[PDB]
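I have placed the structure first, in the form of structure tokens, so that the comments after it can refer back to it.
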Amino acid sequence: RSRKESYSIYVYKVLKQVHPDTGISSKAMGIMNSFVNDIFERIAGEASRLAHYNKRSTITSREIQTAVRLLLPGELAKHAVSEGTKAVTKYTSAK
Amino acid sequence: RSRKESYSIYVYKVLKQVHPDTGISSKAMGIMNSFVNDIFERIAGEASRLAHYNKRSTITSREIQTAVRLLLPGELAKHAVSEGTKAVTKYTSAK
Amino acid sequence: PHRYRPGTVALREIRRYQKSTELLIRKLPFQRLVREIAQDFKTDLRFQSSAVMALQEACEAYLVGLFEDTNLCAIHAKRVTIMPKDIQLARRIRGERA
Amino acid sequence: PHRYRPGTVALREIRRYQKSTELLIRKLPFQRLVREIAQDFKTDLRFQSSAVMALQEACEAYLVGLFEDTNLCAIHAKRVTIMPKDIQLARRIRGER
Amino acid sequence: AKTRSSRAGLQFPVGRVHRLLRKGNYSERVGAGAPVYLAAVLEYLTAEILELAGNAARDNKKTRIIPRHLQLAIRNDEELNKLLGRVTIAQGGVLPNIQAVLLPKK
Amino acid sequence: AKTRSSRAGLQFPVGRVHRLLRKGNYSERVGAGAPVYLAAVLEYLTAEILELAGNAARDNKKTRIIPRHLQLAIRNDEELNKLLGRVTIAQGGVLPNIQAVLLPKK
Amino acid sequence: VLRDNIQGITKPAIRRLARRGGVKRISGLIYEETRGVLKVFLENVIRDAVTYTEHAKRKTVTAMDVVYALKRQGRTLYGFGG
Amino acid sequence: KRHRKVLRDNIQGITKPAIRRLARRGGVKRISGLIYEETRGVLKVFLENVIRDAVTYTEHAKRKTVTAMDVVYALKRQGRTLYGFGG
DNA sequence: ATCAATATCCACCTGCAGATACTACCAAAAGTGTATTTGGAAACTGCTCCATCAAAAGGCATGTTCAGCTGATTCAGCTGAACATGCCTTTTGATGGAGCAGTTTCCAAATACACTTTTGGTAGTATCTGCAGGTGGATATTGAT
DNA sequence: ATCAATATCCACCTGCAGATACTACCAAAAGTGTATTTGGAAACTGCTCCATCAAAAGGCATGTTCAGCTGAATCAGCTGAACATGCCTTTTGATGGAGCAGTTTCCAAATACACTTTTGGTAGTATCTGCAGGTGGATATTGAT
Ligand SMILES: [Mg+2]
């Protein structure tokens, strides 16, 4: 009965923006969920350590940013950082 | 001049218990400090995860104990688990 | 009477199983091995079906990986025939051993 | 005029360096390499001396470990001479490449 | 009521991510932007992989992505492969690859 | 007023281990048994290493333990070697070991 | 006709894995060598999995137990939860 | 500031004899002549990796000084944990 | 080369295992209004870190010499690849019930807060002691003969 | 074997850096003692989903045959080890200057927290279809001759 949360729907929305006439199997979706959780934990984990190394009590977008730079390969890292910066900007400039 | 703390002193006590006539260089003590901090994080960390996996919000001696069985190899785990258990038991009946 | 030369079917099998993704160990004998092994850690244990599958996916992935590394070791020694020394050398360099 | 045969000194050096723990890379040259490389990532950086010593301990420990694995790879090929292909195979199986 | 995801231009649940950060014992406190940033990063990466696995599906004359398509996409990209170098994708198999010295001579 | 160490029968600081478990953000709450158990495992492990290093010191005719003696201890003990198998001990060197084929004669 | 469980991992199955891993020709000693490796792998993962199970006061090994075991053995698996 | 010498080709400070000594410690008896450039290249990649991460910690903390701790944390991330310099 | 055996590719067909779609709650996001908490922005220290200069040795660069290792070549013998099939082991699908998971309860044990006490860190001076690096000089080890 | 060159060993011996020793200040812990909150163990039990097993399914054990791979043996070429020789660069240890880590004290902004609305996201249920297999026939590949 109790709710079992997953990303399997945001994943689907993005699937559509990217490949509108393309679907996805249940297993493939399991793999996407594992992915998202994994990367979540890795990035959140580095953020955590960063904050702790610098005696701060707060994980801010800077920690997430530095953490991305440390965890992702070059090109991915670059693009990711700009995406993540664009989204904050768009959220800040939004009364 | 800010207090930088360390295990250098407990380490020395324990040194004197096993080898009463033996000294230790400060570089050797540097290493023993690294070791303690390392194994602290690795146990605390497994425990963190282990509680989180079981939707518990508290790390008890029982989480540390599994943490230890998961982290240390065979015989070391066995002996570490005795001494843990022994300390907790003794501690519990000392108030 | 028709007969393929040694190595021709081998290559054929390489192409076939590199295309596909099905598990390559029969389920039941695997499942028994899991249970046999788990018995020494705890008695009277039951296994979710997906748990045993997770295990099988992981072993076969791991073993197929090891065979790649093993093959490179055989080739390194100018052979084409994987041998125990190749599996051992690969495991050693991976840091699973010695 | 006296001569040790090829290999004899080599084994002597192996015994010697396996017995000791000093760094085997000269300190100043390694310090420059660090500074040169860091500089390419970022100008106007300074280094605690202990950072450069930490780096040099890490590098030497890595390289010695890589040579053990490399040596195993040569001896697998029935040679006793380490070659680049041995380093390359060691690093592949290590998942560095 | 506007969702933070919608404010930030995102399909990925900014709120949920905030909650997951709070209740993962990562830090005492959590800035406002962090979960938006993080959400974005996870969306971006998701899209890259779906894009490339989509193409993989297309190449094989198919409309539905399966694990095999994710595997081919990931292992055929220098960067994703590295990011996912210690990860096993169930039901992905491996890339067709045969060492040249094993091919038949004549 | 008795220290918790002494209560528990330990040289290693329970008070301090409790505190580090808090500030390290490992969980919301920490049970009173945790630091006690953890402190004791830590002490056990350091006693194990020091016992073995002390012996290396003595074997090399030395009174004061240095990093080489810690390395010889760890690398020569199968279970310490595995526990610390991805760790570098500064100034420890390596174990003497020469592959047999490399030796002279037949 | 009684048989060992490890021997249920048959020569042809081992041969199929080797083929998926790109192997052309195989020495006859491999099959026992492989069985021994497989066994060590499974021991290591199951030992950790079961340790998860016990911690959770269960008598059923769940996939998540296995997934977490794989994770901490540096063999992260995707698609069975987590 | 006034000047600051250009650093170039310092990888050649990792000399043939220093590399041989490292090989010896690794138990290597005989060394092909091409090892030395290969070793220099592998070393350079290792350093770049550790220093990028170390400098990344440095920059994150808004310092201009790379600390032993920056290096120790970078080494840990890379799965080359180092004992003896803090942390 | 030619020629047959057999694998492989491609078009087309189709039932249904497994997607996609829809509904309808409702836990959990978002909105609102205080109640803390924090990370700087300025404003100073005392450091470590950089630079540089001189002296000195200790190790590096180089060229010569040839020992013995590597890689090419040949080859014989062993050892794994290929092969047909019914025996038997696994796969498949049907059915009790073990136990995971839902839910509620309640107190043993957790945090919180304000005192009180104690210890572990450093800094100032002082002493000590292990052993690094130097010295012969007695005991191997290696390689020519 | 025996002999000579030279590396190795070991043990004793003085200078001294690094270790141990107080001494003493003290600030930050750690402990102690109520007041307050609650996480999770305990106990009951609903209902998946797991072990078992009967019939249906199709992969593997087997023994023979010989293609071709591995390892042994031989050897010519040349690479890499050893070593002598000439001196550059690293090491060591000063000295000065300052660029900058590291604190401390005030707040303005930012984040948590308790309390209400107001959905977006899930499980349960209902349609919809991609494509896994099947066949049919053409063509490519391999291996014999
Ligand atoms: Mg430059």
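Read-outs: derived from the displayed coordinates by stated rules, not from any lab. Cβ sites come from the backbone with ideal geometry, for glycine too, and all protein chains shown count toward neighbours.
Would you mind checking the tilt of helix H:35-60 against the longest principal axis of the Cα atoms of chain H, expressed as 0 to 90 degrees and rounded to 10? For H:35-60 against chain H, the angle is about 10 degrees. Tell me whether chain D comes out rounded, prolate or oblate; compute the Cα gyration tensor, take square roots of the eigenvalues as a ≥ b ≥ c, and use a/c under 1.5 as the rounded threshold. Oblate, since a/c reaches 1.5 and b/c is not below a/b. Projecting the Cα atoms of G:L17, D:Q31, A:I64 onto the dipole axis of the protein assembly as shown, where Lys and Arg carry +1 and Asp and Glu carry -1 at the beta carbon, places D:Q31 farthest toward the positive end. Give the nm distances, rounded to one decimal, from B:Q17 to the matching residue in every other copy, measuring between label points 7 Å along Cα toward the beta carbon; shortest first. Nearest to farthest, the other copies are at 5.9 nm. Sorted ascending by nearby beta carbons within 10 Å, beginning with the fewest, A:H52, B:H19 become A:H52, B:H19. Ignoring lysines fewer than eight residues from H:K5 along the same chain, the ones with Cα atoms less than 16 angstrom from its Cα are D:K42.
Rounded, prolate or oblate: which fits the protein assembly as shown, taking a ≥ b ≥ c as square roots of the Cα gyration tensor eigenvalues, rounded meaning a/c under 1.5, else prolate when a/b beats b/c? Verdict is rounded for the protein assembly as shown. Report note on the peptides C:63-70, B:56-63, H:9-16: ranked by the mean count of other C-beta atoms within 10 Å, highest first, their order is C:63-70, B:56-63, H:9-16. Cα gyration tensor of chain H, axes a ≥ b ≥ c as square roots of the eigenvalues: rounded (a/c below 1.5), prolate (a/b > b/c) or oblate? Cα axes put chain H in the oblate bin. Helix B:26-53 and the long axis of chain B differ in direction by around 0°, with both axes built from C-alpha atoms.
Other residues with beta-carbon under 15 Å from the beta-carbon of E:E78 carry, at +1 per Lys or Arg and -1 per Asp or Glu, a net charge of -1.
By the helix-only formula, in which each DSSP H run with n ≥ 4 contributes -39500 (n - 2.57) and the sum is divided by residues, the protein assembly as shown has a 222 nm mean residue ellipticity of -20000 deg cm²/dmol. For a 30 Å ceiling on Cα separation, which of these pairs sit above it: A:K78/H:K16; B:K27/D:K27; B:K86/G:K59? Table pairs above 30 Å Cα-Cα are A:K78/H:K16.
For the segment G:32-44, counting C-beta atoms of other chains within 10 Å of every residue's C-beta and taking the mean gives 5. Sparse packing (at most 13 other Cβ atoms within 10 Å of the Cβ) combined with a DSSP loop state is found for the following trypsin sites (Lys or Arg not before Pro) in the stretch E:1-50: E:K2, E:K23. Exposure proxy for H:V45, B:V14, E:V94: other Cβ atoms within 10 Å of each Cβ, ordered fewest to most, give H:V45, E:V94, B:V14.
Among E:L83, D:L89, the ranking by other beta carbons within 10 Å of each residue's beta carbon, starting with the fewest, stands as E:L83, D:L89. Counting Cβ atoms of other protein chains within 10 Å of each residue's Cβ and taking the mean over peptide D:3-14 gives 4.
A:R49 sits among other residues whose Cβ lies under 13 Å from its own Cβ, and their net charge, with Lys and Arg +1 and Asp and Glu -1, is -1. Peptide E:71-84 has a mean of 3 when you count, residue by residue, the C-beta atoms of other protein chains within 10 Å of its C-beta. A label point on E:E79, set 7 Å along the Cα-to-Cβ line, lies at 4.7 nm from each of its counterparts in the other copies, closest listed first.
Computed from Cα atoms, the angle from the helix H:68-77 axis to the main principal axis of chain H rounds to 70 degrees. With respect to the axis relating copies F and E by rotation, the chain F residue whose beta carbon is closest, plus that distance in Å, is F:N25, 3.
Taking every full run of DSSP H in chain E, the ones that stretch at least 20 Å from end to end by Cα along their long axis and average -0.5 or higher on the Kyte-Doolittle scale are E:34-59.
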